[PDB]
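Read the single chain below, which is given as structure tokens and is the form deposited in one PDB entry.
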């Protein structure tokens, strides 16, 4: 019995990629967001969209579109799962400087976390009685920033955590998935995750260990990464962790495909998606 379908998650990554790059303000972004909403609703979630016009670092006005999907919306004890769904507009880390003005698929950076969570949604919609409320949030406009400028990233999570869909929203725990699909990925303890949610990072990494995934979930320090979980911690006080492919042994910390033309379907590994999905589902089931 396989609780998390790696084949299905892989297909959700490919679906997103086949729309074209999900660049804020563009037609593939609108079409893919439409499909993400319809698909979450077909898996039994109550889905609402949170929209706003946000100013990006270069002055572009972006039509931000956060996607919020809920199971058992009346329950007071809730678990929060997160991923960003936009694609950075340019592969400005490509090894070929001529590519820094071009677009790329965002298969891992964007596709992988959404794909894993769509498959978890499919699983949740089949349960006959959830033991807690569950929210799945896909943040927009995470990846439109500038490297010297931390506030220029994670615009959708900053907006949502300051203006959530219920007043004073609380979840007991929050898990962010970012770049969880590439062959050879290494999930170390991200610093802010460990500093603010030691119990959660311990429970998740220990669950992965018990499932046989200690070759992916490494019990050692990783990077201090500003990501969508940090605004949630700071503004909502929810202990959140980030599961993210990162190692200080990597040239750019992130995997070698990050913000290059090689972040495309050929670097995606079903076994990495499975390790992450099976760990998350097991942890969720053991909370109830």
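Positions refer to the first chain, counted from 1.
One more form of this protein, solved in complex with a small molecule, exists but is not displayed; see below.
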item	value
Contact of residue 259 with the small molecule in the bound PDB entry (heavy atom, 4.5 Å)	yes
The small molecule contact in the bound PDB entry: residue 118, any heavy atom under 4.5 Å	no
Any non-hydrogen atom of residue 85 within 4.5 angstroms of the small molecule in the bound PDB entry	no
is_contact(residue 79, the small molecule) in the bound PDB entry, heavy atom dist at most 4.5 Å	no
Region of this chain that lies against the small molecule in the bound PDB entry, out of 202 to 210, 176 to 184, 157 to 165, 122 to 130 [heavy atom, 4.5 Å]	176 to 184
Answer option from 250, 219, 42, 226, heavy atom within 4.5 Å of the small molecule in the bound PDB entry	226
